[PDB]
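Asks: Below is a structure I'd like to ask you about.
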Amino acid sequence: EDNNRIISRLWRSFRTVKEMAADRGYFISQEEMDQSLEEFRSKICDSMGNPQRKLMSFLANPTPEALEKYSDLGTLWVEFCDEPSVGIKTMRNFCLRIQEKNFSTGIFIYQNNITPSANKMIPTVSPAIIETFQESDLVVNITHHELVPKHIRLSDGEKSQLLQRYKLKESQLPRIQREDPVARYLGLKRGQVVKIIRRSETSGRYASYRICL
Amino acid sequence: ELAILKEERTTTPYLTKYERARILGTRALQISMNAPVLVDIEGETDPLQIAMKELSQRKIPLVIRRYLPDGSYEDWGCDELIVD
Amino acid sequence: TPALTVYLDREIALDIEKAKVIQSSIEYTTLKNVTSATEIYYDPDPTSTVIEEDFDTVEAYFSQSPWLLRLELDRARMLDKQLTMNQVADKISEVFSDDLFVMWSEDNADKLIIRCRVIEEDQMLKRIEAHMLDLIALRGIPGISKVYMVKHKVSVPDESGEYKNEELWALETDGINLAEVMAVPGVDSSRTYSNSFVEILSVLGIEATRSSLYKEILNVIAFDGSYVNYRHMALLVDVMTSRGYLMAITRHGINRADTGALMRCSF
Amino acid sequence: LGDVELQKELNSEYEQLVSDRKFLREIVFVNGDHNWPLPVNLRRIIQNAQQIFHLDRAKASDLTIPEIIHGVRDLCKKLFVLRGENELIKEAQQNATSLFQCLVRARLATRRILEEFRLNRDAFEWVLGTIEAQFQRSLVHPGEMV
Amino acid sequence: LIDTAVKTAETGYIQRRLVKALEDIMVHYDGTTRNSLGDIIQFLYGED
């Protein structure tokens with residue numbers, strides 16, 4: 001019954017996170033990406049059917065290709081938080097865990113909300129980066145939508161080559177806000193450029209570039 | 001400094017409608033102020049007509065300075081640009 | 001006129017019975033929507049009732065405050081919406097629980113009745129009754145007041161490769177909500193569309209907004225048979241999206257640019 | 001007949017046409033609309049070539065097959081929108097004319113050139129030159145207050 | 001008669017705001033479409 005919809009939405013959120021990790025260049029095994037829903041229920045739920053988020057956390061490393069392209073790509077830690085309301089108590093142990101195991105990036109999925117007081121504890125934990133997501137927002141992977149063309153982040157060498165070809169200052173490119181859904185999905189930081197190849201009814205194919213604020 | 005060398009010029013080799021109109025008018029103006037004309041003048045004595053005759057024979061002695069967005073520029077002579 | 005265009009998965013879209021199931025799960029139904037009348041009695045004996053109408057109902061069923069809250073459900077709207085007395089009471093339990101006792105009559109009864117009691121309060125029951133009608137959600141997605149069953153003629157290639165028409169069922173809804181409707185099982189989550197591009201920007205990002213903006217402008221121009229070449233409408237929507245957010249064509253958008261003061265003051 | 005070496009070109013031609021049809025039907029024009037605003041009209045250019053060179057009759061053409069396949073393929077590299085040798089420009093130049101190249105190849109296909117339009121050597125070289133000249137003339141002019 | 005007389009000023013205002021929004025947008029010699037600040041609006045005019 002209603003317990004099945006909790007598990008289902010959570011299972012769908014998990015597949016989306018894996019897709020997210022794959023697109024950022026990290027290596028995810030071809031057995032974990034295709035993991036069915038049935039195997040998922042067996043491993044994650046109790047005898048009463050209630051799910052244990054701490055068993056879902058995982059670690060991933062960049063593929064050799066991604067490491068060749070982006071030399072700034074470290075280890076990624078994904079964590080589902082068991083506490084619906086994330087308070088000052090939860091964030092301290094999370095920031096400690098990241099530093100102690102020296103994770104480069106941490107993705108923090110919460111359940112219901114994140115208090116504005118706790119929201120200031122995020123940029124104080126640099127040069128490590130923390131990205132938060134509401135569990136609702138990940139039930140559907142928005143990049144599979146018809147209207148969202150494929151975004152590919154440009155490398156630093158490709159970016160420099162681009163600016164010279166058009167003789168332009170960085171501040172002259174079209175922009176995308178940091179809180180935009182597709183920028184957050186890729187974990188874009190300020191100064192990075194996405195390339196966007198989208199369908200065109202007059203030329204067939206057209207490459208658009210945007211830089212992230 | 002800003003000037004782009006002849007071998008590395010990248011803008012279009014055809015005369016645009018805007019470049020054509022400016023060249024014809026400027027050259028016409030100079031002829032009406034008694035600049036030396038570089039073609040034979042037969043029966044057609046209007047200032048605009050003489051300038052149009054010079055254009056058709058690739059004999060207008062002017063250079064287009066095409067500004068690019070960054071401020072750099074390519075100089076193109078009207079003798080070398082292809083006119084449709 | 002906010003509106004969603006909700007395409008359905010293929011297996012569901014060619015079976016009208018399954019599509020109706022999707023319809024009833026999306027549509028917002030409050031308790032107020034199905035309630036015909038509410039009443040407030042003085043019923044001092046908790047094990048009995050002065051009401052002769054609910055005599056046989058409560059006496060056989062049983063085998064705190066003296067004020068009784070008695071609300072009546074309309075049989076027609078309850079039957080059409082496919083709601084049972086049980087599931088209506090279930091939703092009430094989670095939000096009320098121990099504080100309010102719930103007793104329902106059977107569907108075979110002449111009137112469908114639900115009794116409630118609390119376990120100065122003359123006005124508190126009026127305030128609670130106001131609180132009940134204004135907040136109890138029985139099912140569905142908030143903001144979706146009505147769902148329409150719409151047939152789409154979509155051109156899809158044959159197995160032979162020839163283009164043929166193909167009729168498919170989709171849904172259209174009043175109100176605005178995109179994120180929650182996308183997640184609903186049955187809905188084709190990769191194709192759902194909304195005519196409010198402000199909401200699209202929050203859910204799908206700026207590049208999807210560029211396509212949605214174009215679709216909505218083109219639909220306006222093309223409607224009275226006119227046709228404007230693509231590059232002109234394309235040019236307008238790139239200006240409206242270049243900053244990464246939607247810059248309105250009003251003073252609040254246009255004059256927030258880094259353009260010169262003489263240019264900006266002329267508008 | 002029998003020439004396997006000439007069949008390698010014609011196979012590569014048809015394979016190219018299969019790529020285009022698959023790309024256009026599944027990515028570009030999902031609903032199947034096949035009439036679209038495009039530049040450099042080809043139907044009118046061909047029927048003018050039929051008039052200048054009197055391309056009627058039942059006479060056999062002296063226009064060889066490798067001239068057709070190599071002629072059309074070399075044309076699609078001279079449709080210059082942007083000039084310069086930079087790697088990014090060539091990708092952009094190829095992207096800008098993707099839809100139009102498909103249009104040309106869909107018309108100047110081997111069977112149609114020979115059976116339907118019936119071009120000879122003089123007319124076909126003229127058709128290539130005209131397409132090349134008129135496409136340049138159809139580019140927007142810098143300075144245009146669009 | 002009322003509609004024609006009323007809604008003519010509605011659309012007249014629409015055209016005025018559109019022109020001021022777009023008046024400075026020009027095609028440059030590299031094919032890009034830019035405004036007076038040199039911001040790129042399209043990398044290639046009309047995508048073709």
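A note on labels: chains of the structure tokens are A, B, ... as shown, every chain counts residues from 1, and ligands are counted from 1 in their shown order.
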Which residues of chain A are close to chain D, meaning at most 10 Å apart when you count only C-alpha atoms, and how do they look as a PyMOL selection string?

Replies: chain A and resi 158+161-162+165+198-207

Asks: Please return as a PyMOL selection string: the residues of segment 1-207 of chain A that backbone DSSP assigns to helix (DSSP H, G or I).

Replies: chain A and resi 2-23+37-44+53-55+64-69+88-100+118-121+123-125+135-138+142-144+156-165+170-172+181-186

Asks: With a cut-off of 12 Å and counting only C-alpha atoms, select all residues of chain B in contact with chain A and give the selection as a PDB file with N, CA and C atoms, in the first residue's frame.

Replies:
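Saved the output as part_27.pdb:
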ATOM      1  N   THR B  10      39.675  37.262 -42.360  1.00  0.00           N
ATOM      2  CA  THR B  10      38.594  36.293 -42.269  1.00  0.00           C
ATOM      3  C   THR B  10      37.204  36.758 -42.660  1.00  0.00           C
ATOM      4  N   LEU B  68      35.553  44.867 -36.508  1.00  0.00           N
ATOM      5  CA  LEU B  68      35.124  43.673 -35.799  1.00  0.00           C
ATOM      6  C   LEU B  68      34.685  44.074 -34.395  1.00  0.00           C
ATOM      7  N   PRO B  69      33.867  43.256 -33.709  1.00  0.00           N
ATOM      8  CA  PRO B  69      33.367  43.642 -32.372  1.00  0.00           C
ATOM      9  C   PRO B  69      34.392  44.037 -31.315  1.00  0.00           C
ATOM     10  N   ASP B  70      35.587  43.458 -31.318  1.00  0.00           N
ATOM     11  CA  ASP B  70      36.573  43.813 -30.306  1.00  0.00           C
ATOM     12  C   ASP B  70      37.319  45.104 -30.603  1.00  0.00           C
ATOM     13  N   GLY B  71      37.089  45.713 -31.749  1.00  0.00           N
ATOM     14  CA  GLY B  71      37.772  46.922 -32.114  1.00  0.00           C
ATOM     15  C   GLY B  71      38.856  46.731 -33.152  1.00  0.00           C
ATOM     16  N   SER B  72      39.382  45.519 -33.299  1.00  0.00           N
ATOM     17  CA  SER B  72      40.309  45.237 -34.386  1.00  0.00           C
ATOM     18  C   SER B  72      39.610  45.350 -35.737  1.00  0.00           C
TER      19      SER B  72
END

Asks: Please check the contacts: residues of chain D at most 9 Å away from chain C, using only C-alpha atoms, listed as a list in words.

Replies: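 The selection requested is residues 30, 31, 32, 37 and 146 of chain D.
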
Asks: Should the cut-off be 8 Å, what would the residue list for chain D against chain B look like, counting only C-alpha atoms, as a count of residues only?

Replies: 6

Asks: What are the residues of chain C lining chain A at 10 Å or less? Count only C-alpha atoms, and put the answer as a VMD selection string.

Replies: chain C and resid 179 to 180 182 to 185 188 to 193 201 to 212 230 to 231 238 to 239 241 to 245

Asks: Go ahead and write the residues just picked, N, CA, C and O atoms, as a tab-separated table (two decimals), in the first residue's frame.

Replies:
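This went into selection-v5.tsv:
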chain	number	residue	atom	x	y	z
C	179	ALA	N	5.83	20.12	-11.20
C	179	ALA	CA	6.74	19.21	-10.52
C	179	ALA	C	6.01	18.00	-9.95
C	179	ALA	O	6.45	16.86	-10.12
C	180	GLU	N	4.91	18.24	-9.24
C	180	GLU	CA	4.19	17.15	-8.60
C	180	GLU	C	3.49	16.24	-9.60
C	180	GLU	O	3.40	15.03	-9.38
C	182	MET	N	4.42	15.57	-12.71
C	182	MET	CA	5.46	14.79	-13.40
C	182	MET	C	5.79	13.49	-12.67
C	182	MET	O	6.06	12.47	-13.30
C	183	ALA	N	5.76	13.51	-11.34
C	183	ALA	CA	6.18	12.35	-10.57
C	183	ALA	C	5.13	11.25	-10.51
C	183	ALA	O	5.47	10.13	-10.13
C	184	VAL	N	3.89	11.55	-10.86
C	184	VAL	CA	2.76	10.62	-10.73
C	184	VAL	C	2.93	9.42	-11.66
C	184	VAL	O	3.18	9.61	-12.86
C	185	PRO	N	2.88	8.19	-11.13
C	185	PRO	CA	2.99	6.99	-11.97
C	185	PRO	C	1.89	6.92	-13.01
C	185	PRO	O	0.71	7.13	-12.71
C	188	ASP	N	3.72	10.21	-18.49
C	188	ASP	CA	4.98	10.22	-19.23
C	188	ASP	C	5.78	11.42	-18.72
C	188	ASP	O	5.60	12.54	-19.19
C	189	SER	N	6.66	11.17	-17.75
C	189	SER	CA	7.45	12.23	-17.13
C	189	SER	C	8.46	12.90	-18.05
C	189	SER	O	9.05	13.90	-17.64
C	190	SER	N	8.72	12.38	-19.24
C	190	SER	CA	9.66	13.04	-20.13
C	190	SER	C	9.02	14.01	-21.12
C	190	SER	O	9.74	14.59	-21.93
C	191	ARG	N	7.70	14.21	-21.09
C	191	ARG	CA	7.07	15.04	-22.11
C	191	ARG	C	6.05	16.05	-21.60
C	191	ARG	O	5.53	16.81	-22.43
C	192	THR	N	5.74	16.07	-20.31
C	192	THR	CA	4.70	16.94	-19.75
C	192	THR	C	5.01	18.42	-19.96
C	192	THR	O	6.13	18.87	-19.74
C	193	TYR	N	4.00	19.18	-20.38
C	193	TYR	CA	4.18	20.56	-20.79
C	193	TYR	C	3.18	21.47	-20.07
C	193	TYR	O	2.04	21.07	-19.81
C	201	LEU	N	10.68	27.50	-15.87
C	201	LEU	CA	12.02	27.95	-15.51
C	201	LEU	C	12.44	27.37	-14.16
C	201	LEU	O	13.60	26.96	-14.00
C	202	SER	N	11.52	27.28	-13.22
C	202	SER	CA	11.86	26.76	-11.90
C	202	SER	C	12.05	25.25	-11.93
C	202	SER	O	12.83	24.71	-11.15
C	203	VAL	N	11.33	24.55	-12.80
C	203	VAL	CA	11.41	23.09	-12.85
C	203	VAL	C	12.44	22.59	-13.85
C	203	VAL	O	13.23	21.70	-13.53
C	204	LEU	N	12.48	23.14	-15.05
C	204	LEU	CA	13.26	22.53	-16.12
C	204	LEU	C	14.48	23.31	-16.54
C	204	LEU	O	15.33	22.76	-17.25
C	205	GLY	N	14.59	24.58	-16.17
C	205	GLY	CA	15.78	25.34	-16.49
C	205	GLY	C	15.60	26.21	-17.71
C	205	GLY	O	14.56	26.21	-18.37
C	206	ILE	N	16.66	26.96	-18.02
C	206	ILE	CA	16.53	28.08	-18.95
C	206	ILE	C	16.39	27.61	-20.40
C	206	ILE	O	15.64	28.21	-21.18
C	207	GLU	N	17.05	26.52	-20.78
C	207	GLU	CA	16.97	26.06	-22.16
C	207	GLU	C	15.60	25.50	-22.51
C	207	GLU	O	15.16	25.62	-23.65
C	208	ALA	N	14.93	24.87	-21.55
C	208	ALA	CA	13.57	24.42	-21.77
C	208	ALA	C	12.61	25.59	-21.87
C	208	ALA	O	11.59	25.51	-22.56
C	209	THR	N	12.94	26.69	-21.18
C	209	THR	CA	12.11	27.88	-21.21
C	209	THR	C	12.15	28.53	-22.58
C	209	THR	O	11.17	29.11	-23.04
C	210	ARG	N	13.31	28.42	-23.24
C	210	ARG	CA	13.50	28.99	-24.57
C	210	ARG	C	12.57	28.32	-25.58
C	210	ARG	O	12.01	28.98	-26.45
C	211	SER	N	12.40	27.01	-25.45
C	211	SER	CA	11.53	26.25	-26.34
C	211	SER	C	10.06	26.48	-26.02
C	211	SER	O	9.23	26.56	-26.92
C	212	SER	N	9.74	26.58	-24.73
C	212	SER	CA	8.36	26.81	-24.31
C	212	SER	C	7.89	28.21	-24.65
C	212	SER	O	6.74	28.41	-25.03
C	230	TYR	N	10.71	31.98	-38.78
C	230	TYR	CA	11.25	31.52	-37.51
C	230	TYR	C	12.24	32.48	-36.87
C	230	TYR	O	12.24	32.61	-35.64
C	231	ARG	N	13.11	33.10	-37.66
C	231	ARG	CA	14.24	33.83	-37.08
C	231	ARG	C	13.80	35.04	-36.26
C	231	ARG	O	14.52	35.44	-35.35
C	238	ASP	N	15.60	34.85	-27.54
C	238	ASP	CA	16.98	34.82	-27.06
C	238	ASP	C	17.31	36.06	-26.25
C	238	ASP	O	18.12	36.00	-25.33
C	239	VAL	N	16.74	37.20	-26.62
C	239	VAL	CA	16.90	38.41	-25.81
C	239	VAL	C	16.26	38.22	-24.45
C	239	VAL	O	16.84	38.59	-23.42
C	241	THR	N	15.98	35.60	-22.69
C	241	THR	CA	16.57	34.55	-21.88
C	241	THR	C	18.08	34.67	-21.75
C	241	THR	O	18.69	33.77	-21.18
C	242	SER	N	18.70	35.69	-22.34
C	242	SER	CA	20.15	35.76	-22.34
C	242	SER	C	20.71	35.97	-20.94
C	242	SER	O	21.80	35.48	-20.65
C	243	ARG	N	20.00	36.66	-20.06
C	243	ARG	CA	20.53	36.87	-18.73
C	243	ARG	C	20.42	35.65	-17.83
C	243	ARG	O	20.88	35.70	-16.69
C	244	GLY	N	19.82	34.56	-18.30
C	244	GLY	CA	19.59	33.41	-17.47
C	244	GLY	C	18.29	33.42	-16.71
C	244	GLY	O	17.84	32.36	-16.27
C	245	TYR	N	17.68	34.58	-16.54
C	245	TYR	CA	16.33	34.66	-16.01
C	245	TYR	C	15.46	35.37	-17.03
C	245	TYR	O	15.96	35.92	-18.01

Asks: Within 10 Å of residue 10 of chain A, counting only C-alpha atoms, which residues qualify if same-chain residues fewer than 3 places away don't, as a PyMOL selection string?

Replies: chain A and resi 4-7+13-16+51+53+135-136+138-139

Asks: Could you work out how far atom CA of residue 186 of chain C lies from atom CA of residue 153 of chain C, giving the answer in Å with one decimal?

Replies: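 Separation between atom CA of residue 153 of chain C and atom CA of residue 186 of chain C: 19.7 Å.
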
Asks: What is the atom CA of residue 62 of chain C to atom CA of residue 107 of chain C distance in Å?

Replies: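 Computing the Euclidean distance for atom CA of residue 62 of chain C and atom CA of residue 107 of chain C yields 17.5 Å.
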
Asks: May I ask you to extract the residues of chain E within 9 Å of chain C, using only C-alpha atoms, and to give them as a list in words?

Replies: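 Result, ordered by chain then number: residues 17, 18, 20, 21, 22, 36, 37, 39, 40, 41, 42, 45, 46 and 47 of chain E.
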
Asks: Filtering to N, CA and C atoms, could you give me those residues as an mmCIF file, in the first residue's frame?

Replies:
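Dumped everything to result.cif:
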data_model
loop_
_atom_site.group_PDB
_atom_site.id
_atom_site.type_symbol
_atom_site.label_atom_id
_atom_site.label_comp_id
_atom_site.auth_asym_id
_atom_site.auth_seq_id
_atom_site.Cartn_x
_atom_site.Cartn_y
_atom_site.Cartn_z
ATOM 1 N N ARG E 17 7.347 49.179 -26.926
ATOM 2 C CA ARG E 17 8.263 48.480 -26.016
ATOM 3 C C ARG E 17 9.160 47.476 -26.735
ATOM 4 N N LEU E 18 8.619 46.748 -27.716
ATOM 5 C CA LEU E 18 9.426 45.825 -28.515
ATOM 6 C C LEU E 18 10.576 46.508 -29.237
ATOM 7 N N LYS E 20 12.188 49.393 -28.523
ATOM 8 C CA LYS E 20 13.214 49.830 -27.579
ATOM 9 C C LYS E 20 13.991 48.667 -26.988
ATOM 10 N N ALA E 21 13.338 47.526 -26.785
ATOM 11 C CA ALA E 21 14.050 46.345 -26.330
ATOM 12 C C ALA E 21 15.085 45.862 -27.336
ATOM 13 N N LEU E 22 14.838 46.038 -28.631
ATOM 14 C CA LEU E 22 15.634 45.350 -29.636
ATOM 15 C C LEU E 22 16.446 46.253 -30.549
ATOM 16 N N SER E 36 24.673 46.497 -28.120
ATOM 17 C CA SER E 36 25.681 47.545 -28.042
ATOM 18 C C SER E 36 26.738 47.293 -26.982
ATOM 19 N N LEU E 37 26.470 46.428 -26.021
ATOM 20 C CA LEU E 37 27.481 46.053 -25.051
ATOM 21 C C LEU E 37 28.404 44.966 -25.558
ATOM 22 N N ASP E 39 27.406 41.939 -25.841
ATOM 23 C CA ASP E 39 26.892 40.666 -25.370
ATOM 24 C C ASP E 39 26.462 39.835 -26.565
ATOM 25 N N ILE E 40 26.771 38.550 -26.555
ATOM 26 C CA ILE E 40 26.301 37.649 -27.605
ATOM 27 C C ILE E 40 24.858 37.267 -27.339
ATOM 28 N N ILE E 41 23.970 37.553 -28.286
ATOM 29 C CA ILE E 41 22.608 37.049 -28.163
ATOM 30 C C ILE E 41 22.421 35.735 -28.909
ATOM 31 N N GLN E 42 22.978 35.606 -30.108
ATOM 32 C CA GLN E 42 23.059 34.344 -30.833
ATOM 33 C C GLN E 42 24.438 34.237 -31.449
ATOM 34 N N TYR E 45 23.353 34.261 -36.608
ATOM 35 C CA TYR E 45 22.018 34.826 -36.798
ATOM 36 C C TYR E 45 21.033 33.851 -37.406
ATOM 37 N N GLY E 46 19.897 33.684 -36.733
ATOM 38 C CA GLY E 46 18.853 32.782 -37.172
ATOM 39 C C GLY E 46 19.227 31.326 -37.178
ATOM 40 N N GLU E 47 20.355 30.984 -36.572
ATOM 41 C CA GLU E 47 21.012 29.681 -36.571
ATOM 42 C C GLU E 47 21.401 29.183 -37.964
#

Asks: Would you list the contacts of segment 121-127 of chain A as an MDAnalysis selection string, taking every protein, DNA or RNA residue within 10 Å and counting only C-alpha atoms, but skipping same-chain residues closer than 6 positions in sequence?

Replies: chainID A and resid 88 91:92 95:96 98:99 104:105

Asks: Write the residues of the selection above to a file with C-alpha atoms, as a PDB file, in the first residue's frame.

Replies:
ATOM      1  CA  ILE A  88      22.371  22.154  13.355  1.00  0.00           C
ATOM      2  CA  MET A  91      25.093  19.195   9.635  1.00  0.00           C
ATOM      3  CA  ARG A  92      28.042  19.063  12.077  1.00  0.00           C
ATOM      4  CA  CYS A  95      30.747  18.176   7.587  1.00  0.00           C
ATOM      5  CA  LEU A  96      33.033  16.249   9.964  1.00  0.00           C
ATOM      6  CA  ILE A  98      33.449  14.639   4.737  1.00  0.00           C
ATOM      7  CA  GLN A  99      36.655  16.174   6.096  1.00  0.00           C
ATOM      8  CA  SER A 104      36.140  16.063  -2.559  1.00  0.00           C
ATOM      9  CA  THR A 105      32.415  16.604  -3.119  1.00  0.00           C
TER      10      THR A 105
END

Asks: So which one's closest to residue 80 of chain B, B:52, B:38, B:59, B:65? Using only C-alpha atoms, please.

Replies: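 Distance minimum relative to residue 80 of chain B lands on B:59.
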
Asks: Restricting the calculation to only C-alpha atoms: of E:34, E:7, E:28, E:16, which residue gets closest to chain D?

Replies: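 Between E:34, E:7, E:28, E:16, the residue approaching chain D most closely is E:28.
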
Asks: What are the nearest atom pairs, with distances in Å to one decimal, for all residues of chain E that come at most 7 Å from chain B, using only C-alpha atoms, set out by chain and rising residue number as JSON lines?

Replies:
{"residue": "E:28", "atom": "CA", "partner": "B:69", "partner_atom": "CA", "distance": 6.7}
{"residue": "E:29", "atom": "CA", "partner": "B:68", "partner_atom": "CA", "distance": 6.0}
{"residue": "E:30", "atom": "CA", "partner": "B:11", "partner_atom": "CA", "distance": 6.8}
{"residue": "E:38", "atom": "CA", "partner": "B:69", "partner_atom": "CA", "distance": 6.8}

Asks: Could you pull the residues within 9 Å of residue 62 of chain B, counting only C-alpha atoms, minus those fewer than 2 positions along the same chain, as a ChimeraX atom specification?

Replies: /B:23,27,60,64,76-79

Asks: Keeping only N, CA and C atoms, write the selected residues as a PDB file, in the first residue's frame.

Replies:
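Once written, out-v5.pdb looks like this:
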ATOM      1  N   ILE B  23      30.113  53.226 -50.579  1.00  0.00           N
ATOM      2  CA  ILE B  23      31.173  53.452 -51.564  1.00  0.00           C
ATOM      3  C   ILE B  23      30.677  54.299 -52.727  1.00  0.00           C
ATOM      4  N   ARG B  27      32.099  58.126 -53.308  1.00  0.00           N
ATOM      5  CA  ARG B  27      32.823  58.388 -54.543  1.00  0.00           C
ATOM      6  C   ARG B  27      32.092  59.400 -55.413  1.00  0.00           C
ATOM      7  N   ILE B  60      37.409  51.943 -58.412  1.00  0.00           N
ATOM      8  CA  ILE B  60      37.265  52.867 -57.285  1.00  0.00           C
ATOM      9  C   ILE B  60      38.416  52.771 -56.289  1.00  0.00           C
ATOM     10  N   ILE B  64      37.903  49.722 -47.606  1.00  0.00           N
ATOM     11  CA  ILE B  64      36.976  49.516 -46.505  1.00  0.00           C
ATOM     12  C   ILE B  64      37.724  49.096 -45.257  1.00  0.00           C
ATOM     13  N   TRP B  76      40.083  46.135 -46.375  1.00  0.00           N
ATOM     14  CA  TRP B  76      39.863  45.537 -47.687  1.00  0.00           C
ATOM     15  C   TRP B  76      39.734  46.621 -48.743  1.00  0.00           C
ATOM     16  N   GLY B  77      40.547  46.552 -49.792  1.00  0.00           N
ATOM     17  CA  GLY B  77      40.372  47.477 -50.896  1.00  0.00           C
ATOM     18  C   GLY B  77      39.164  47.102 -51.733  1.00  0.00           C
ATOM     19  N   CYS B  78      38.472  48.122 -52.262  1.00  0.00           N
ATOM     20  CA  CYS B  78      37.370  47.866 -53.191  1.00  0.00           C
ATOM     21  C   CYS B  78      37.827  47.299 -54.520  1.00  0.00           C
ATOM     22  N   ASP B  79      39.114  47.404 -54.834  1.00  0.00           N
ATOM     23  CA  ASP B  79      39.644  46.712 -55.993  1.00  0.00           C
ATOM     24  C   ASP B  79      39.668  45.195 -55.815  1.00  0.00           C
TER      25      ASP B  79
END

Asks: Could you check the closest approach to chain E for each of D:113, D:81, D:131, D:123 and tell me which residue wins, using only C-alpha atoms?

Replies: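 Using only C-alpha atoms, chain E sits closest to D:81.
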
Asks: Quick check, in Å to one decimal: how far apart do atom CA of residue 58 of chain A and atom CA of residue 114 of chain A lie?

Replies: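 For atom CA of residue 58 of chain A relative to atom CA of residue 114 of chain A, the distance reads 22.2 Å.
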